[PDB]
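See structure below.
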Amino acid sequence: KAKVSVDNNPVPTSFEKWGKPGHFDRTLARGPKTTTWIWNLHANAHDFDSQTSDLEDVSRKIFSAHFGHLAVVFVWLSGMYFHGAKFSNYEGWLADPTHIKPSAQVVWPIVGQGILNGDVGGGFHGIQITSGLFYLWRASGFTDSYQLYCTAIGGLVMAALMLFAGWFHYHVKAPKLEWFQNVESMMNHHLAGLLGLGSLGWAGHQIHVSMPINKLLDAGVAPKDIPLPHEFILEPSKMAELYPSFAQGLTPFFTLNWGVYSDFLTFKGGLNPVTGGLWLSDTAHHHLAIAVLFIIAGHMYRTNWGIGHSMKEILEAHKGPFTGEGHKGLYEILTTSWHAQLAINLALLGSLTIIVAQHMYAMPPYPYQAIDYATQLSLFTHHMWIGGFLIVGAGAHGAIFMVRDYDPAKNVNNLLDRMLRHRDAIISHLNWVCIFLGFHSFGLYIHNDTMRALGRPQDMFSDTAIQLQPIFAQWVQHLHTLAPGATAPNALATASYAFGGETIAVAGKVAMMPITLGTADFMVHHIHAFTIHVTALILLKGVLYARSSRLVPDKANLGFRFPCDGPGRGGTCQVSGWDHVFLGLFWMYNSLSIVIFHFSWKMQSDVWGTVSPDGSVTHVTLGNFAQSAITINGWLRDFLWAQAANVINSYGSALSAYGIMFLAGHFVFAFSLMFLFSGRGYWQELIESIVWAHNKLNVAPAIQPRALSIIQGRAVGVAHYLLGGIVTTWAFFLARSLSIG
Amino acid sequence: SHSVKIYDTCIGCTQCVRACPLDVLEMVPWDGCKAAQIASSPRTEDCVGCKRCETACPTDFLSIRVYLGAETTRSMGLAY
Amino acid sequence: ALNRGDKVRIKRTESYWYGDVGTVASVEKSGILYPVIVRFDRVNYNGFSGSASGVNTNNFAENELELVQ
Amino acid sequence: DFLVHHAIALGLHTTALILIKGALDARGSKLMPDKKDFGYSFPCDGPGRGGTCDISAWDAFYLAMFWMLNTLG
Amino acid sequence: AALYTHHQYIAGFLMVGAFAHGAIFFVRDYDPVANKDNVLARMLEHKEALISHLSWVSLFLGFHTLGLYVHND
Amino acid sequence: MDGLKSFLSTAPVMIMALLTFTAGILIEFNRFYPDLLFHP
Amino acid sequence: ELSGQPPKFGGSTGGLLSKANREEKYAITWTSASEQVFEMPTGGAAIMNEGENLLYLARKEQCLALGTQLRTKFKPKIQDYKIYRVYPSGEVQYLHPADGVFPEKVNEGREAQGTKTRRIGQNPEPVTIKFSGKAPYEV
Amino acid sequence: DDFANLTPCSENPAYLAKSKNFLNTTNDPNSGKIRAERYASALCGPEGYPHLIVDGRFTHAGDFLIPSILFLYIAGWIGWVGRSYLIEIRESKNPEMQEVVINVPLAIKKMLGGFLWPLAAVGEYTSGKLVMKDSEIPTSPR
Ligand code: CLA
Ligand code: CLA
Ligand code: CLA
Ligand code: CLA
Ligand SMILES: CCCCCCCCCCCCCCCC(=O)OC[C@H](COP(=O)(O)OC[C@@H](O)CO)OC(=O)CCCCCCCCCCCCCCC
Ligand SMILES: CC1=C(/C=C/C(C)=C/C=C/C(C)=C\C=C\C=C(C)\C=C\C=C(C)\C=C\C2=C[C@H](C)[C@H](O)CC2(C)C)C(C)(C)C[C@@H](O)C1
Ligand SMILES: CC1=C(/C=C/C(C)=C/C=C/C(C)=C/C=C/C=C(C)/C=C/C=C(C)/C=C/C2=C(C)CCCC2(C)C)C(C)(C)CCC1
Ligand SMILES: CC1=C(C/C=C(\C)CCC[C@H](C)CCC[C@H](C)CCCC(C)C)C(=O)c2ccccc2C1=O
Ligand code: SF4
Ligand code: SF4
């Protein structure tokens, strides 16, 4: 009695196809003749759409591969827990969190890398970790290493479970296509049974486990004396003496007398003075409310009892005068093409990751996270880079869909057709706005640079000169500062002190203080706007013009990934959507680099620092952002050269592994230029000569070596370029943040 | 405009003719190959130089070559 | 002269297999400029960018090939 | 000074390699047996025959200029 | 310092130009029949050996020089 | 099984196995005899 | 003259420009057996009328791409499409197919053009024809 | 009396001053002392670090010669076994497939025979099948 419909044993389990690489592709099946057959093999592997024309088989492969990635992630998580249980000082750090550096990686002394095992405090030697696992574990009610070990074992078991699930759900019982297309039931289950249920379970964990342990920990109780979490459940009087409302049981819940639970379900806001993190009661009510909302939302779409809206009806009913058919036809697009779903989900997930990175730093949830500047910087930059990559992937796979799965017959005068019919106006207006933003933002920096260089500081765009005050941002900051008073009366303090208010400081360091905005903030925010609009321009031009263009009228027949159309028409290099993605990757890199640089410098200059017992705050870089970040020379001198001392002078210490890596970052970048600046004809001729050489000695290979294809050359260049640049920035940031106390 | 030249190694496989997107090439009877047909380029003033004809030729090196010369509006593929 | 199951060396001076050794697949009647058909183990560069392989056969005249066997 | 002189030797030999290879292959090669008919500086031979980006002798000079600059640096 | 850098950069540019215009000569003004079997035509006879051994010496320098530098670092 | 034997003998598995063996040899030798700048 | 009803299209910004009214344009005509939808080479989809259809484009490549789409993307194959060049003076020059037979197949009566009687390896050296206005392939 | 600008590390004040604080490379605490005693044999500059001399003299044969033969033997071993395996593969009716899927029995059999690579190389060179004739090798057009 279900919509379940599966096929039994569609693909037998055998090992023969393991010994025949390239089995999936007919082009690579017959065997290698040149070295290109190798590079194709690793490139067309996980492209199930090209291998077969069956939507059902493609969907089954996707389901199984998703199980595999889940198993891999589970293995990674279990490994993190194991290495934090056995090779970490978490038990030592828990007793003295304000004097001992977190550390979970220990190095074998073999060729002198034992110097990397620097002292992290408390007599423990190891690599300091900035992933923030210790703060998460403390907020999760971890006190003993055995609990972490048990978590790691459970993670390994669950990874094995996911692997077996993939094997069963593909090689044995594979769901039918109609099962995959129950989008209404799928959203119902994932909105209610996954997000709502998961958030409710976490709220239960936090209330019944995390609150008592953290309440004891912040009150000065030793970690070795705090009762085990199950003791609170087995002895409810222990829970009741910590929170009096627990003495009333569950009666106030079912009677809607919810105010009884006000003692441990609060709306405090702000941060915990003891630890610098958010209140756990705030997070408990938050995750409980989130669970309630998602469980309510999960019942919207009708599945099997005719109660609920139908997605197709909603899509077909929203249509206005300017759009003709409106949103009609999108439901068939999104229920028959995986690439459109991948594009939308990638864009939303990348934006969500950027939101996560932007919202964590301003209000640190985990205890002592704000006091650890290195952890803040690392987490912010990491999740920002992840989000940027995901957005670029959305821009790529959308163009893939447009090239492959777009059908003009079923998209007559709908929203997609009117996308393709006024795209030229879109691209022209977007190009104009990109140029205008670039001029009226970067020319401000250049004008300031020239005015400073000419000895005319009074003609600059500075707070002591012509001022560009972000009045709207300051006004919204003032509004959010006044929110606890009347606009949100039941809130004790502000959502985050970044908007304004008091300076929350833990131990001798600043946890969070108001972040004022001046001329420099205005200029940098508009620079961010310019870079983002340019990246959007590149990716949107790639998606819109993927099918064809004025230059090439049958581009879609060439495919998504082709190098060029030849030197005709004056030259047609990089006209495919793939080349648009390749070009947009660089611009995403530039934008995210500027974003992380701005965050790091502003946090170091106007937020982080130390608090004297008198109450005065001494920032890390003495507040030089407002006067130096208005010129490019300021960025060069007071940020790069100034803050690169801690990484260049890292030799002979525990931080030397960063300095090495720093230089490593400066290398691969340069190396990548030897793929991006050149072409494959020269390398092919050089390979011809080298092949003659190896032929003279009768040692020529049977597999004829060939230079990399144009697309592969571009991919290798961009990959090594991004690797080098990102590694450079990572080493620089880590070595700087681990040395500013 | 560009110059499209066809040499005597052509085998009348018609691949160059089919690959031409601007209809520059054609087939004319011949007697030097089994197919008794050879490629011809009577409308070179429309050729753009995309080299698809060269890409499609199966013979060793090429029986068809495109030399890019004076650029006109048609050759440069301009729609404005 | 050249016939089935042969082993010849190319002297086209612009072919990919110049100086290489190929086998005479077949020959046809007169009236053809390049009647000899020779196939090679190694493939040439023919094909679009990223192609898996190339072409391992061609047509040659009788004066462009020398007997090896 | 030993290490840097040997590095300079590497740079000189590599730049000479690029320039000499371009000069010798300017007449023609396996990829383009008739390069001389196409002039000294031409863009490419299209994406066919595996792709022929940067195949002219002018492009060999263009590549060698970067190595010259690096060696001088 | 300025004089040394200036005249060394000029020398590098001139040395690049010599090979560039020599490649131009090979493309345009080289007559194989007139120079048949002399040194100029015989250079193209063992050009593959030239490029092969030059690649070997460049690789041999680069590998074991970058290796020593990275080892010391 | 035959398929497993053939898969294990593919190029990446062989090259990584040889690299692991060589790396282990070097690391062990440097563990027992480090700082070998020359033959004494 | 040219006769045909334009296909049902909502228009787009990727259509003609000043070149059509200043330099030249192109036209394509074809008889569709039944009304259906085809992809505009300039972007979007257009419904083509049953019977004779006439369409104006800016480049010959766009017209030939549309013709290839007509020939290869419909079960009733459209083989009667004709492509003309339209001059601003009103003169119409018939372009494709040249003689009513597709160039992919050999037809008696065509004259060989651009055909050389030598291999590509027999071209003369540049030094033998330098200071002339010719090229090695041109001689 | 050569290397007047170089001094033995035994009586170099800088090397002696800096040699008491040598870091322990491995878990063995005596590694610093062993390195300090072993580096006293070489020649140190004013910076206190040992230097190598490769002029060809046999007194310093440990600096370059012994490692030179040590590396050359291994490199010849690898090259010879690879070349012989390739040549043997070339006659199996599918050399490319045996190039990606390694013939492990034959591979190891050729591995175990590489210690005689100099004798095999000289025998091949004398037999004339080590080097191919220029007329039998494909070459690009001149
Ligand atoms: C309550 C029901 C429920 C839940 C929780 C999920 C959860 C999930 N589905 Mg899903 N699904 C459902 C019903 C549900 N589905 C139904 C009814 C259909 C048919 C219409 C589908 C069809 C479907 C497809 C086609 C796909 C998914 C996928 C996924 C995963 C996406 C990855 C993710 O969110 O990472 C978060 C990951 C986790 C939270 C790890 C969870 C590990 C296990 C599986 C959870 C089991 C919990 C279970 C309730 C018991 C625990 C309770 C108690 C013992 C503690 C996620 C685990 C994707 C996938 O391949 O993943 C396998 C995918 O492509 N779903
Ligand atoms: C959930 C995420 C997700 C999923 C499921 C897919 C799924 C797919 N993508 Mg997609 N993509 C994504 C994210 C995703 N993508 C993102 C974020 C980007 C932006 C970078 C892209 C960009 C992209 C392009 C440009 C292309 C695809 C293609 C494909 C298809 C398979 C071919 C392929 O890439 O396999 C083969 C995979 C590889 C060869 C990757 C191996 C090499 C990687 C790059 C090395 C990475 C190095 C690592 C980060 C660091 C190592 C350091 C080292 C020192 C150890 C398939 C539909 C291809 C396609 O058209 O198929 C239809 C294609 O051309 N994707
Ligand atoms: C004695 C010196 C000399 C002479 C007489 C020539 C003569 C010639 N060369 Mg030659 N060349 C030389 C030195 C020389 N070269 C050097 C040193 C190099 C190495 C860089 C080259 C590299 C070279 C190449 C690669 C090519 C030639 C070509 C040519 C021929 C025609 C094209 C030309 O040069 O004009 C045209 C010249 C130009 C358009 C150059 C303009 C570029 C300007 C000068 C750059 C200025 C930069 C900018 C202003 C900086 C501003 C700074 C500010 C911001 C402060 C001609 C026979 C071409 C050929 O084959 O024709 C037969 C050709 O392709 N030469
Ligand atoms: C720092 C950047 C960089 C580096 C390392 C190289 C390196 C090389 N180039 Mg190149 N090149 C560069 C920039 C660079 N180039 C740029 C910007 C240009 C301008 C476009 C050129 C233009 C150019 C031309 C035109 C030519 C070269 C040639 C060469 C090779 C000559 C050998 C040599 O010098 O040392 C030896 C090589 C090295 C020291 C590099 C190897 C270093 C790695 C780290 C060794 C270890 C491998 C590593 C562990 C693999 C790990 C993979 C795994 C992690 C995924 C070599 C591969 C020439 C060539 O092919 O010679 C045969 C040649 O013709 N290059
Ligand atoms: C707030 C901060 C300062 C921002 C000030 C900038 C305002 C500038 C433009 C005004 C916004 C107008 C939106 C009305 C648009 C709107 O109301 O659409 C309504 C109309 C669709 O109306 P229907 O009722 O037909 O819609 C049926 C729907 O159900 C969908 O089918 O859409 C169009 O006409 C599309 C044409 C938009 C083409 C212009 C796009 C402008 C792009 C640039 C946007 C710039 C602002 C970006 C910053 C977010
Ligand atoms: C046999 C073999 C092969 C082939 C090998 C071949 C074909 C080799 C060919 C070699 C040729 C043609 C030429 C070689 C020339 C070598 C020279 C010129 C050596 C010079 C040595 C010098 C200058 C020694 C210098 C000083 C010597 C001295 C001992 C001290 O240190 C000081 C110091 C460094 C100055 C392969 C490649 C096929 C496979 C290999 O495994 C084995
Ligand atoms: C030590 C000494 C001595 C000796 C010296 C010597 C011996 C020197 C030599 C030197 C040399 C020996 C040099 C050389 C150089 C060279 C070069 C620099 C080259 C270049 C080249 C080029 C540039 C090329 C080009 C070309 C071509 C490619 C083709 C055509 C032609 C031409 C030419 C144009 C003495 C006794 C005096 C005294 C004592 C000390
Ligand atoms: C150098 C270069 C080449 C030549 C480079 C080649 C042929 C690649 C050679 C790769 C070697 C064989 C392996 C190195 C990379 C492997 C991933 C290393 C794996 C190592 C593990 C097995 C340990 C091109 O073909 C090319 C094409 C288009 C634009 C630029 C270029 C370009 O710059
Ligand atoms: S340079 Fe390369 S990418 Fe550009 S047209 Fe020529 S072959 Fe195509
Ligand atoms: S592709 Fe080449 S061989 Fe075939 S018909 Fe055209 S010119 Fe002749």
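Chains as they are written, first to last, in the working numbering: chain A, 57 to 797; chain B, 92 to 171; chain C, 466 to 534; chain D, 44 to 116; chain E, 872 to 944; chain F, 362 to 401; chain G, 154 to 292; chain H, 600 to 741. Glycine is no exception: its CB is placed at the ideal position from the N, C-alpha and C atoms.
Subject >> Limits of the unbroken alpha helix (DSSP H) element including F638 (chain A) >> reply: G633 to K658
Original post:
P229 (chain G) versus chain E: which residues are under 9 Å apart at the beta carbon?
Top reply: Correct list: empty, because the minimum Cβ distance to chain E is about 55 Å.
**OP:** Could you check which residue in A:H654, A:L764 and A:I652 has the C-alpha nearest to that of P619 (chain A)?
**Re:** A:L764
Subject >> First through last residue of the alpha helix (DSSP H) which encompasses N487 (chain A) >> reply: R479 to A509
Subject >> 8 Å CB neighbourhood of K89 (chain A) in its chain, flanking five on each side removed >> reply: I759 and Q760
Subject >> For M267 (chain A), the three-state DSSP class (helix, strand or coil) >> reply: helix
Subject >> Contact set between the region 640–657 of chain H and chain F, restricted to residues whose Cβ is under 8 Å from the partner >> reply: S640, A641, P649 and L651
**OP:** Mind listing the chain B neighbours of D68 (chain D)? Cutoff is C-beta to C-beta under 7 Å, in chain order.
**Re:** By Cβ distance, chain B contributes nothing, its closest Cβ being about 16 Å from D68 (chain D), past 7 Å.
**OP:** For the beta strand (DSSP E) holding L210 (chain G), just list the boundary residues, first then last.
**Re:** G204 to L210
Original post:
Under 8 Å Cβ-Cβ, which residues of chain C neighbour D88 (chain D)?
Top reply: Per Cβ cutoff of 8 Å: no residues; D88 (chain D) is ~10 Å from chain C at best.
Original post:
Taking all protein chains shown into account, do 16 or more other C-beta atoms lie within 10 angstroms of the C-beta of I767 (chain A), making it buried, or fewer, making it exposed?
Top reply: buried
**OP:** Check whether the Cβ of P112 (chain B) sits closer than 7 Å to any heavy atom of ligand 9, and report yes or no.
**Re:** no
Original post:
Looking at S929 (chain E) and ligand 10, is the gap between the Cβ and the nearest heavy atom below 7 Å?
Top reply: no
Subject >> Contact between the region 45–65 of chain D and the region 95–115 of chain A (3+ Cβ pairs under 8 Å) >> reply: no
**OP:** Run the proximity test for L753 (chain A): is its beta-carbon closer than 7 Å to any non-hydrogen atom belonging to ligand 6?
**Re:** yes
Subject >> Minimum length 4: unbroken alpha helix (DSSP H) runs contained in the region 542–618 of chain A >> reply: 575–600 and 611–614
Original post:
Can we count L885 (chain E) as close to ligand 6, meaning its CB is less than 7 Å from some heavy atom?
Top reply: no
Original post:
Does the Cβ of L84 (chain A) have 16 or more other Cβ atoms within 10 Å, making it buried, or fewer, making it exposed?
Top reply: buried
**OP:** State the DSSP-derived secondary structure class of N524 (chain C), mapped to helix, strand or coil.
**Re:** strand
Original post:
Listing by chain order, which chain B residues have their CB less than 7 Å from the CB of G496 (chain C)?
Top reply: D122
Original post:
Can you check whether the CB of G87 (chain A) is closer than 8 Å to the CB of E695 (chain H)?
Top reply: yes
Original post:
Touching or not, the region 466–477 of chain A and the region 380–397 of chain A, by the rule of three or more beta carbon pairs under 8 Å?
Top reply: yes
**OP:** Note down, in chain order, each residue of its chain lying with its Cβ closer than 6 Å to the Cβ of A602 (chain A), except the 5 sequence neighbours on either side.
**Re:** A455, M458, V459 and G633
Subject >> Extent of the continuous beta strand (DSSP E) to which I129 (chain B) belongs >> reply: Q128 to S131
Subject >> Short Cβ contact (8 Å threshold) for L321 (chain A) with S337 (chain A) >> reply: yes
Original post:
Terminal residues of the continuous alpha helix (DSSP H) containing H750 (chain A)?
Top reply: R736 to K752
Original post:
Does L915 (chain E) have its Cβ less than 8 Å from a Cβ in chain H?
Top reply: yes
**OP:** Give every residue of the same chain whose Cβ lies closer than 7 Å to the Cβ of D319 (chain A), excluding the five residues on either side of it in the sequence, and list them in chain order.
**Re:** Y299, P300 and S301
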